Amino acid sequence: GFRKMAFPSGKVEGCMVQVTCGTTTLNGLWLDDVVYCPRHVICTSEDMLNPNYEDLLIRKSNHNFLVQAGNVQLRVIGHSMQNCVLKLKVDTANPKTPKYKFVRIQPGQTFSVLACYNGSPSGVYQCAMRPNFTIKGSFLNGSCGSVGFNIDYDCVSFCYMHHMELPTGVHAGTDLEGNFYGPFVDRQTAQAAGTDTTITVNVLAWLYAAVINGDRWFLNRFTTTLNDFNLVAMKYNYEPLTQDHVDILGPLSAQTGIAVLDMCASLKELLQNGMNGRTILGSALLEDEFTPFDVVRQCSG
Amino acid sequence: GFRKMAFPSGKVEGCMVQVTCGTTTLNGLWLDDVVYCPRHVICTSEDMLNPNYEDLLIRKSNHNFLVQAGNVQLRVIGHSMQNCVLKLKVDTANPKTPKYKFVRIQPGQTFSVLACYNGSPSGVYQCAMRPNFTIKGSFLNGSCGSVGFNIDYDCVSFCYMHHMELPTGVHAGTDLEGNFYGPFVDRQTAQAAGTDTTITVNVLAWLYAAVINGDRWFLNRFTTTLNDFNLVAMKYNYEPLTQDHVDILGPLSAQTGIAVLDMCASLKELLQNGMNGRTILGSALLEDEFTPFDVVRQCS
Ligand SMILES: *[C@@H](O)[C@H](C[C@@H]1CCNC1=O)NC(=O)[C@H](CC(C)C)NC(=O)OCC(C)(C)Oc1cccc(F)c1
């Protein structure tokens with residue numbers, strides 16, 4: 001009884017618009033009198049090979065941007081490039097603008113993606129920022145400008161805008177100031193994300209979710225120290241566990257009466273021994289896209 | 001590159017309200033001037049062992065029902081029971097009422113769940129109605145009255161409202177007329193869902209999703225017959241495959257140039273041989289909560 005869960009998307013649906021420029025169309029994020037979208041909307045197909053964005057944007061004028069909010073065209077009255085995102089000022093402020101902010105997330109953190117096409121939402125799902133600054137998403141052509149987000153209190157925290165796919169099938173994009181996550185560039189060339197690693201603190205969170213849900217075959221008598229556990233995790237390309245990670249997991253430990261280091265001994269066993277064909281929360285693998293926060297939010301409402 | 005994906009939840013968020021009767025509080029669904037919620041909101045803790053709902057409801061009047069859409073208190077002017085759901089007529093039509101219908105989904109079909117607590121949405125995810133009429137959700141106390149739904153065009157089809165958990169951890173509830181999916185009753189007694197079965201057509205659809213996403217290690221040079229494949233499906237508690245299933249899968253067979261019966265052969269072998277430790281779309285198991293429809297809509 002523990003699912004991958006996304007935040008309600010309603011506050012965000014009313015921010016999505018359609019942005020066209022030439023024959024390239026993608027999604028924009030309409031907040032106040034500004035629409036944010038990926039700058040590569042100004043590229044033809046030839047340009048994407050090795051674009052000079054400054055030069056390409058000079059040749060553009062306000063009226064080359066067809067922005068549609070539903071059955072309504074909005075008039076573009078300005079434009080700037082901020083790193084890899086375009087900001088088209090518009091003559092209408094979005095009445096559906098929520099309380100919001102822009103954040104740059106840390107690797108290991110999760111967020112919800114509102115996948116859109118032609119400015120219309122099709123679906124929402126939960127993602128993690130991988131340690132190598134990619135996300136394993138579900139993105140097709142036209143999905144660029146779709147945004148990732150958290151909701152905390154009344155406040156929408158925008159943290160991602162989608163730009164590209166990499167040869168491994170994973171995805172890359174920017175924060176809402178246009179700075180990529182990771183070493184990527186918005187040009188059409190094969191690019192390497194580097195070795196991904198497993199988010200150890202999230203796997204321990206998911207094991208606590210498993211215990212909280214009456215699924216505890218993997219517990220043992222033993223224990224370990226942070227040092228000895230990291231000796232093992234390195235071998236399997238797990239992020240090393242800090243003490244801050246132990247204190248993050250404190251509340252989950254409190255709810256289960258299982259000390260973090262005791263749980264680490266259980267994970268050490270699972271990595272060295274494998275699942276043996278058993279399952280954990282209906283999964284035949286170890287799951288690393290739940291933060292401790294996500295587990296608390298779900299397991300206590 | 002293929003994820004479980006829920007519909008956008010905005011049209012439904014604006015329908016969720018808080019229903020209180022006594023000390024019991026759960027969620028209701030506000031459409032036009034009617035709030036729908038589970039009838040066990042009128043139960044105390046004692047009553048839940050074996051309630052006489054007709055008798056329990058007599059003792060209630062309109063003013064025993066507190067309804068709040070956010071901070072807005074709605075005044076209840078009428079109450080009726082329809083099967084296992086209460087309808088509270090209220091003095092205000094919901095300005096955010098979407099285009100909606102009520103439908104009763106078939107097993108093997110999927111829908112999105114807007115999990116709510118105290119009339120406020122906390123999250124959304126995708127579910128399937130299992131063959132044994134249960135769903136594998138994430139519901140805690142206070143989650144009753146949360147609804148499951150599909151969106152086609154601008155039209156919200158409401159198909160589920162949540163009522164209870166079974167001892168196995170799976171979940172049971174009603175359509176929006178209050179008729180349970182499955183043999184269940186809204187009383188706090190042990191209740192059996194019976195042997196679950198695997199939604200064969202959905203597994204085939206997911207294997208097609210896999211091939212569309214560059215993952216074909218499981219394909220083979222063998223083939224098989226409908227009748228031959230089903231002999232093996234019985235063994236493993238799989239719904240049998242009809243030719244309707246074959247035709248529903250027609251669009252996916254096209255897109256990949258793999259014939260359904262060839263895929264049935266690859267599936268037969270996975271059932272017989274196992275996954276040999278490998279994976280398909282990042283799962284070490286066979287997934288059966290994607291309809292052919294879901295796979296199409298995602299991959300195109
Ligand atoms: C909605 O508010 C809750 C949700 C329930 C609580 C835990 N997880 C859930 O999904 N529903 C209930 O409290 C019902 C109300 C009755 C009038 C049906 N009770 C309930 O779900 O009890 C669950 C347990 C304790 C397992 O008992 C039952 C109840 C019904 C059938 C069973 F097989 C077992």
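Counting convention: from 1, in listed order, for ligands and their atoms alike. Naming convention: chains lettered A, B, ... in sequence-line order (proteins, then strands); numbering from 1 in each chain.
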- Query: With atoms numbered from 1 as shown, which atoms in ligand 1 lie under 4.0 angstrom from a non-hydrogen atom of B:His163?
  - Reply: 3 (C), 11 (N), 12 (C), 14 (C)

- Item | Exercise: do A:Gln126 and A:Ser112 side chains pair donor with acceptor under 3.5 Å | yes

- Task: Return yes or no for this condition: an N or O of B:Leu166 is under 3.5 Å from an N or O of ligand 1.
- Result: no

- Message: Taking side-chain contact (heavy atoms from CB on, under 4.5 Å) as the criterion, tell me which of B:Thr198, B:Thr195, B:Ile199, B:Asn237 meets it with B:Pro131.
- Response: B:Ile199

- Message: Just to check, does B:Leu26 reach to within less than 4.0 Å of ligand 1 when the distance is taken from its heavy atoms?
- Response: no

- By number and element, which atoms of ligand 1 are closer than 4.0 Å to a non-hydrogen atom of B:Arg187? 18 (C), 29 (C), 30 (C), 31 (C)

- Message: When you compare ligand 1 with B:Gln188, is there at least one nitrogen or oxygen pair between them that comes in under 3.5 angstrom?
- Response: yes

- Item | Residue selection (non-hydrogen contact nearest atom 21 (O) of ligand 1) among B:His162, B:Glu165, B:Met48 | B:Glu165

- For ligand 1, the portion of B:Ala190 having any non-hydrogen atom under 4.0 Å away: backbone

- Message: Show the atoms of ligand 1 that are less than 4.0 angstrom away from any heavy atom in B:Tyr53.
- Response: 17 (C)

- Query: Which atom pair, heavy atoms only, marks the closest approach of A:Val211 to A:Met263?
  - Reply: CG2-CE, 4.3 Å

- So which bit of B:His171 gets within less than 4.0 Å of ligand 1, heavy atoms only: side chain, backbone, both or neither? side chain

- Kindly identify the option in B:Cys144, B:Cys43, A:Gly1, B:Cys84 whose heavy atom sits closest to atom 4 (C) of ligand 1. B:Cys144

- Message: So if I count the atoms of ligand 1 from 1 in the order they appear, which ones are less than 4.0 Å from some heavy atom of B:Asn141?
- Response: 6 (C), 7 (C)

- Item | Those residues that, when tested against B:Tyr181, pass ring pair (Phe, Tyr, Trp, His ring centres under 6.0 Å) (two or more places apart) | none

- Applying a strict 4.0 Å limit to heavy atoms, is B:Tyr117 in contact with ligand 1? no

- Message: Under the rule for salt bridge (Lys or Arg N to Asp or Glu O under 4.0 Å), what residues qualify as partners of A:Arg216, not counting sequence neighbours?
- Response: none

- Can you list the atoms of ligand 1 that are under 4.0 Å from a heavy atom of B:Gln191? 30 (C), 31 (C), 33 (F)

- Query: Looking at A:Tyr125, is B:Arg3 sitting on its ring face, NZ or CZ under 6.0 Å from the six-membered ring centre and within 45 degrees of the normal?
  - Reply: no

- Proximal ligand 1 atoms for B:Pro167, defined as those under 4.0 Å from one of its heavy atoms: 33 (F)

- Query: Is the distance between the ring centroids of B:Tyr100 and B:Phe102 under 6.0 Å?
  - Reply: yes

- Query: Are the aromatic rings of A:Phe290 and A:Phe2 close, with centres under 6.0 Å apart?
  - Reply: yes

- Test item: B:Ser61 side-chain N/O and B:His63 main-chain N/O as donor-acceptor pair under 3.5 Å: no

